[PDB]
């Protein structure tokens with residue numbers, strides 16, 4: 001599915017990660 005990525009990606013990008021959608025919720029990893 002898609003994710004509520006407006007929660008994660010604008011907080012994960014500062015470490016040089018991306019916000020990745022894990023079916024229906026976000027985790028973060030580079031890159």
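Per the header: solution NMR.
Even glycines carry a Cβ here, placed using N, Cα and C.
Annotated features in Swiss-Prot:
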| type | residues | note |
| --- | --- | --- |
| DISULFID | 3-21 | disulfide bond |
| REGION | 6-9 | region '[R/K]XCQ motif' |
| DISULFID | 8-26 | disulfide bond |
| DISULFID | 12-28 | disulfide bond |
| MOD_RES | 31 | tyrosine amide |
Summary of DSSP states over the region '[R/K]XCQ motif' (6-9), given as helix, strand and coil counts: 1 helix, 0 strand, 3 coil
Neighbourhood of residue 8 (disulfide bond), C-beta criterion under 8 angstroms, separation at least six: 19, 26, 27, 28
Within-chain partners of the region '[R/K]XCQ motif' (6-9) [C-beta distance under 8 Å, separation at least 6 from its ends]: 18-19, 26-28
Listed in sequence order, residues with CB under 8 A of residue 21 (disulfide bond) and six or more positions away: 1, 2, 3, 5
Between residue 31 (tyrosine amide) and residue 12 (disulfide bond), the C-alpha gap once rounded to whole angstrom: 11
Residue 26 (disulfide bond), number of other Cβ atoms within 10 Å: 18
Protein Cβ atoms within 10 Å of residue 3 (disulfide bond), excluding its own: 17
